[PDB]
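Asker: turn this into a structure:
(chains A, B, C and D)
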Amino acid sequence: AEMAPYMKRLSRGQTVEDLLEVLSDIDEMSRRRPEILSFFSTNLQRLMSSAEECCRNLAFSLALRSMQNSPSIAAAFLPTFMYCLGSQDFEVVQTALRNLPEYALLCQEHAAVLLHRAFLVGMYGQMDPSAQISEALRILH
Amino acid sequence: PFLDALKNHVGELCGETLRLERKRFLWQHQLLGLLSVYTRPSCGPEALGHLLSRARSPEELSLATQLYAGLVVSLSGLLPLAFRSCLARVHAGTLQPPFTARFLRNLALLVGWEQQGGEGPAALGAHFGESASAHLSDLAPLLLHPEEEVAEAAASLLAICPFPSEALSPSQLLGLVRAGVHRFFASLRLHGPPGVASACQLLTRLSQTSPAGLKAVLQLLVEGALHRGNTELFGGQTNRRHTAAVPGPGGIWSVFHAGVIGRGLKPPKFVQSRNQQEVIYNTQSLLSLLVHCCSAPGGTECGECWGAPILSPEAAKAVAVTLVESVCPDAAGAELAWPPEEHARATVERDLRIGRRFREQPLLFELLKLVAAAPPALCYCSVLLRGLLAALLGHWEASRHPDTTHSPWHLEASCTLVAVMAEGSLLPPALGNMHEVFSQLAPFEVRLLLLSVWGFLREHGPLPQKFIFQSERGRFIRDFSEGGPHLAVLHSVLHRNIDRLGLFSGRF
Amino acid sequence: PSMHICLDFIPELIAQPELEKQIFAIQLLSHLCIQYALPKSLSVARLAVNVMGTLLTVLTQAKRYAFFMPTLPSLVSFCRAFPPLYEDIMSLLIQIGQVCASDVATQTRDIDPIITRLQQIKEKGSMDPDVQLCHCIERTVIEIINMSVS
Amino acid sequence: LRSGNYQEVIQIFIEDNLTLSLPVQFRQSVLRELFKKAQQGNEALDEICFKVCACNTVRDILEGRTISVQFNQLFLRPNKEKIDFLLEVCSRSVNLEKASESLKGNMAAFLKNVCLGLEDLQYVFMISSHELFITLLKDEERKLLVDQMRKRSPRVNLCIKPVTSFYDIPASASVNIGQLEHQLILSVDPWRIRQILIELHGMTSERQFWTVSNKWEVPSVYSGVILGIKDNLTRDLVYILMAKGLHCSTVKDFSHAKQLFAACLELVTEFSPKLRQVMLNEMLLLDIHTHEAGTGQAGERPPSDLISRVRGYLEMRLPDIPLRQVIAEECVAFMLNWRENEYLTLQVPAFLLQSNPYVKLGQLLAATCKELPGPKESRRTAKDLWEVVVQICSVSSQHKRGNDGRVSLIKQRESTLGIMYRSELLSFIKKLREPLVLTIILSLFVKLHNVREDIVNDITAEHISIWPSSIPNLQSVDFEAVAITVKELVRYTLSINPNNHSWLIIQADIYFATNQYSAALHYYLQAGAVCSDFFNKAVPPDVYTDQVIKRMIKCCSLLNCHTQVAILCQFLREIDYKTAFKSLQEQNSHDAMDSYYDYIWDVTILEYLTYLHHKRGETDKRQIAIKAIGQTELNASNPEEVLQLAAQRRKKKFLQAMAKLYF
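Answerer: Numbers count the residues shown, from 1 in each chain, chains lettered A, B, ... in the order given. There you are, the coordinates:
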């Protein structure tokens, strides 16, 4: 019940400054007891594929923290992550590919299709995602 | 806590609502609506996707429409989020091919119901087409889906899905054109003629948006029907055995032979014998698609009752250009001015390769019939005509048979070429009678007539000028300011064979 | 059991002007590494990966296809037998993939495997050689991922 | 004899016999003659031309040959008599289902494949009307045909009324009031709303019924006045009407919002004029939104009534009605988008003009936009715009009174002196839909972005660059905020209409400045496809300049694509062989080196490739290079009328291949 203004700002906020301020407030408030991050799953999924850089980075960090606190929610970020890898902007796909190792370690059940789409984007799209998938395969043994 | 606990069962709740029971479905739908109004994320996109993903009868679509009408008074912005969530689930492992096919066909039905009508989509502002037009980048890769159901559903959806306020993006436009031509070719391969309506409609709708899109559509359609693949659809195309029979049957001397040269006895030796029927109908469908693409709109009831739409000169010019680029990419003699006859003795290899390309794929001739419709279009596709005429001249010069019927394909190609270059507003009807009387003419006589054709085309060259526009219609009329010596040669050829071409004289 | 000695002439079999000898050497080394695990085997496998990577830029398309069609399961088995090679192989694969990404876009095709980037694997005929090479690369990467993850 | 005697009917009757004994060449010749005579002006019985075309088509399909293009050109838009004559000719051949055994299959196939088009079902019914079909189409099979014809264009009926499962007359009070308020929430028509509200007020005590939905968010600017009414019925009615109208305007439901606002205004006519003016302003905003989005984005000209209404409303400002900040920027954007530059700052310049920043910025922008046809070197309004823009996006306190970090303009949102904030201008530009205004703002921002912002000298050039280069107080400005806002403006102006080569080139330059080469090449190819039609023609010299090609070479060089670099080094006015030889020397290319040699028309590059392949012992590619050199198209001795055409063709092919590669 105490998270009403934050949700209202995340839903009614349209400018970059308000969303950035709300995300920074949530990040600084989630230092200890990150269970509250489980109450902003939909907002983080919507702000994950954002055109901004700082807001997208904060959303990715919050999502990774929430998945590390409770891995059971790691299966809920499957579609919204794939949309980050299949976008025609070249901006969010870079952050998605950088966070690919941690998300693949936290998933442990859908890492195959994640790495498959990563290699497909790296082959068709002009880039070199060698180190990321290498670290993913080394950690997954 | 009741709604907070029921929020984690929206899937099974929608599954029970879609059972179409007596009274339980109404109460469950009201519960779904109250749960969507209560919670802050509103569960709008998720519930709408769960409803539209497993809908088979129009009752489920009506229930979804009622839910949206009940939620639109309290919430806002449900279609974009629902479509985004559904597409993100489709691109992921969720939403199995049957589920996504059902969702796509339900979305297509909703768009179709929103397009027509004056009371349904008017009393309930939803904008299905406007909300679906913002997802053409995600709906494009679904046209080439390996599952036929999902591909057909996406084709039926994109055939009626409108475009956004902006025209289109070049990347999105090229992707849509490629996906559409791939779906058209795949449906012609699998379904055939009666299963291409969606692809033709989509291509005709997106080709009339911009000249660049039309040119890209025409180029890709021409290049796809002439590639090594999909060309048989329109026109057509180790030691044990060596040890059991060794030692030369003597076990004391060497082998009888001295080795092999290559391999010998080529295994494949396959000949094109697919089918005769149902092959020309694919060409008919392709020509109908091309006509729908080039014909400018179109549909204003011209004339009194026999309005015939003209062909756009730019579209036919692009078709001729891509045809020339596909047949012979050479440019050593691509000038519009016809060189002299002796000049044809140096580029015999190009003419022979053009003749081979024409004999391997007859569809090219049909494509010429599309270029000969527009008057100024055939003036650009002159390299193909020149090469074909030179090849025919070289064949008739080295023909020992006294009758033309010994070479049927060459005579057919000669008549077809002359008819094409005559109906393209380039030759008088005397040439139309010449290719008619070609049926029973001597080989050297046909060669001399084609040489007179070459001379006339060298004198009166096909050029973009001398095709002034008319204030009546869009047709380009060519006013001949005809050939004296050419008509004299034709009359002499006709008079030397009066004993068989007597009735053909009175026609001209 | 006397096949390990073949390692002692596996590099000599690689330095041959015939592509068939090189392909056979790569496959034999792949089988020897999936059977025997030795530091010498790892060194010879690394040398094979290097000589396969340096052959991508000195072979034409008609030869690149015939040389990289049979030798991809060799890389799969090299990954299955030698974990530390993973990155290298991946990089190599990426390179080859990008090469194919430039070979398909050169000439017009019939299936257009470029838009197929947003596709998933489905468990479990006559086409274009470049498209066949792309599909083989994708399949071998899928098998490598499934082996490493499971 | 009939054709020469100007008797087309006799010729049509003689040609419609299909005796199977006639030269098809003569028939095609007379058909082309009739077509040429009908298309050359003064058509002579074009109906007979269509008739003989139909006879030729049916003869061709009965003999077993392809269908000509004239049949499609004529049947693109058929009608009743056309299909009637087609069916009459199709049923008047020789040996009518007596001893043919072969023409029946061709007839069936033609009748099956002729219904592929004909989107109108009336034509299909007319086809299936004569004898219920022609030759019955192998009856017991047309079921799937009519099924697919009906499924091609289906039509279903859905419901709009919500699920009102509550039974009437519940013989109670609580459930009755619940059903009544549920119907009120689900009600849109103002008459039903008023009836339900007056019934609730009559059946219950003096309790308020406006707080029955937490989704009706009324702004606090009008909330203090909407509650200052003695009678509860009137205030409840006006509150519900205003809330529903605002919600409908948010959901783009102007069809009901107009009626709601009209009913509310009619009810307020008897009340105080304060709420009357409030509802008038709300109706003005709704009409602006409708004219901007409802009537269509391709508007031609407003009816000059709402324009005069907005002008008067902005000019009077007599009463003390609380103005909303959104309405001001909305009407300013409405006046700026419809090319109202005639209303400059010279009119009403001091009567509360400097107070509202929206109108001030709009007037200054309209004044600085019309200075382009003013070739005099004055640019005073441009200087004022540049100064106010650099002063808005700068920190007010250079001593960092807030904290030690640099979160003043990014997080604190303060220290943004001027007329507006850094985010209000974003919302103001997002309401602007005008190519000239948008490109002027984008040029201003991109000029303010490349002024000593980094060390590298990758200055992204622009067409309209007349802004002053002197930057006062280069430390108070925020380069990060400028980059963020210029990226947002580029994204917005690309979402408006991506068919603009200048904005695509600007986006590609911005991506290249941020070490994004793949997206830079993507947007470069996009601009190339915008200017020239999918590279079918030569690109204009101003769209693809030397700098653009050099940036493409820089992008492809660091992208491990060296053969693409060598090919792109030929698009310049002077071929730079140094960078081409430097790129071709690498051995880590990712661009199918042996597959791009056909796009090279330069003898020097091919000679260097042959030398490099011979030096490294690569005979397989050396032979390909020699074979490419030995082509007749390129000889370095042509009269230049052949080399240019081959070069243009190779340019088109390479650009199309690169466009198929990316995006």
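Asker: and for the closest residue to chain D within the stretch 201-350 of chain B, the neighbour number?
Answerer: Going by CB to the nearest CB, chain D is nearest to residue B:212 of the stretch 201-350 of chain B, at 3.7 Å. In this view, the C-beta of every residue, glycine as well, is placed from N, C-alpha and C. Residues near residue B:212, counting by other CB atoms under 10 Å in any protein chain shown, number 23.
Asker: what's the helix or strand for it?
Answerer: Following DSSP states H and E, one finds residue B:212 within helix B:211-224.
Asker: I'd like the distance between the most centrally placed residue in chain D and residue D:53.
Answerer: Centroid-nearest residue in chain D: residue D:497, 5.4 Å away (criterion: CA atoms, centre = their mean). Computed as CB to CB, to the nearest Å, the residue D:497 to residue D:53 distance reads 44 Å.
Asker: how about the nearest residue to residue B:482 once chain neighbours are set aside, phi and psi?
Answerer: The shortest distance from residue B:482 to any non-neighbouring residue, by CB to CB, 6 or more residues apart in numbering or on different chains, is to residue B:428 (5.9 Å). Per-residue torsions, residue B:428: phi -70, psi 170 (degrees, to the nearest 10).
Asker: now do the contacts for residue B:428.
Answerer: B:422, B:480, B:482, B:483 (CB atoms under 8 Å, 6 or more residues apart in numbering or on different chains).
Asker: over to residue C:129?
Answerer: Taking CB under 8 Å, 6+ apart, one finds C:61, C:65 in contact with residue C:129.
Asker: could you do residue D:257 as well?
Answerer: By CB under 8 Å, 6+ apart, the contact list for residue D:257 reads D:244, D:245, D:248, D:249, D:286.
Asker: rewinding a little: can you name every helix or strand that whatever helix or strand comes next after the helix holding residue B:212 contacts?
Answerer: Per DSSP H and E, the first helix or strand lying C-terminal to helix B:211-224 is helix B:240-244. Helices and strands touching helix B:240-244, by 3 or more CB pairs under 8 Å, 6 or more residues apart in numbering or on different chains; DSSP states H and E: there are none.
Asker: now helix B:240-244, how far from the centre of its chain.
Answerer: 53 Å (CA atoms, centre = their mean, to the nearest Å).
Asker: how about the helices in the stretch 151-300 of chain B?
Answerer: Counting by DSSP state H, counting those that start in this stretch, one finds helices in the stretch 151-300 of chain B at the ranges B:170-190, B:197-207, B:211-224, B:240-244, B:280-294.
Asker: no, scratch that, I was asking about the stretch 151-300 of chain D
Answerer: Counting by DSSP H, counting those that start in this stretch, the helices of the stretch 151-300 of chain D are D:174-185, D:190-203, D:220-226, D:232-250, D:254-268, D:273-289.
Asker: before we move on, the earlier item: list the contacts for the residue nearest to the residue nearest to the centre of chain D when sequence neighbours are not counted?
Answerer: Using CB to CB, 6+ apart and skipping residues adjacent in sequence, the residue nearest residue D:497 is residue B:166, 4.5 Å away. When contacts are counted by CB under 8 Å, 6+ apart, residue B:166 touches D:495, D:496, D:497, D:498, D:499.
Asker: quick check: residues of chain A near chain C?
Answerer: Residues of chain A lying close to chain C by CB under 8 Å from any CB of the partner chain are A:86, A:111-113, A:115-117, A:119-126, A:128-131, A:133-134, A:137-138, A:140-141.
Asker: and these, which are buried?
Answerer: A:86, A:111-113, A:115-117, A:119-126, A:129-130, A:133-134, A:137, A:140 (16 or more other CB atoms under 10 Å in any protein chain shown).
Asker: out of the residues you listed, which touch chain D?
Answerer: Okay, of those touching chain D (CB under 8 Å from any CB), that's A:125, A:126.
Asker: so how many other residues sit close to the residue of chain D found nearest chain A?
Answerer: Residue nearest to chain A within chain D (CB to the nearest CB): residue D:519, separated by 3.8 Å. Using other CB under 10 Å as the criterion, residue D:519 is surrounded by 25 other residues.
Asker: residues from the stretch 201-350 of chain B in reach of chain C?
Answerer: Contact residues, the stretch 201-350 of chain B versus chain C (CB under 8 Å from any CB): B:220, B:223, B:224, B:227, B:228, B:229, B:230.
Asker: name the nearest residue to the second one, sequence neighbours excluded.
Answerer: In space, residue B:223 comes closest to residue C:108 once its chain neighbours are excluded; the distance is 4.8 Å by CB to CB, 6+ apart.
Asker: now for that neighbour: which residues touch it?
Answerer: Neighbours of residue C:108 in contact, by CB under 8 Å, 6+ apart: B:220, B:223, B:224, B:227.
Asker: write out the residues of chain A neighbouring chain B.
Answerer: Residues of chain A lying near chain B (CB under 8 Å from any CB): A:4, A:7-8, A:11, A:42-43, A:46, A:78-80, A:82-83, A:86, A:88, A:110, A:113.
Asker: check contacts around residue B:82.
Answerer: Residue B:82 makes contact with B:44, B:45, B:48, B:49, B:52 under the criterion CB under 8 Å, 6+ apart.
Asker: go through the helix or strand where it lies and flag the buried ones.
Answerer: In the assignment (DSSP H and E), residue B:82 maps to helix B:79-91. If you call a residue buried by 16+ other CB under 10 Å, then helix B:79-91 has these buried ones: B:79, B:81, B:82, B:83, B:84, B:85, B:86, B:87, B:88, B:89, B:90, B:91.
Asker: for chain A, state which of the residues you listed is nearest.
Answerer: Nearest to chain A among those is residue B:88, at 3.6 Å by CB to the nearest CB.
Asker: next up, phi/psi of the residue nearest to residue B:223, please.
Answerer: Given degrees, to the nearest 10, the pair of backbone angles that residue C:108 has is phi -60, psi 150.
Asker: if any of the residues of the stretch 201-350 of chain B next to chain C are buried, give me the PyMOL selection for them.
Answerer: Listed next is the PyMOL selection for buried residues among these, using 16+ other CB under 10 Å:
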select buried, chain B and resi 220+223+224+229+230
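Asker: do you know how far whichever residue of chain C sits closest to chain B is from residue D:555?
Answerer: Taking CB to the nearest CB, chain B has its nearest neighbour within chain C at residue C:110, 3.7 Å off. Distance, residue C:110 to residue D:555, by CB to CB: 30 Å.
Asker: likewise residue D:142?
Answerer: Counting by CB to CB - residue D:142 and residue D:555 are separated by 59 Å.
Asker: hang on, the earlier thing: need the helices of the stretch 151-300 of chain B in JSON lines with distance to residue D:426, can you?
Answerer: Listed next are those as JSON lines, based on distance: least, CB to CB, whole Å:
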{"stretch": "helix B:170-190", "distance to residue D:426": "26"}
{"stretch": "helix B:197-207", "distance to residue D:426": "33"}
{"stretch": "helix B:211-224", "distance to residue D:426": "32"}
{"stretch": "helix B:240-244", "distance to residue D:426": "80"}
{"stretch": "helix B:280-294", "distance to residue D:426": "42"}
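Asker: out of these, which is closest to residue B:332?
Answerer: helix B:211-224 (22.4 Å; CB to CB).
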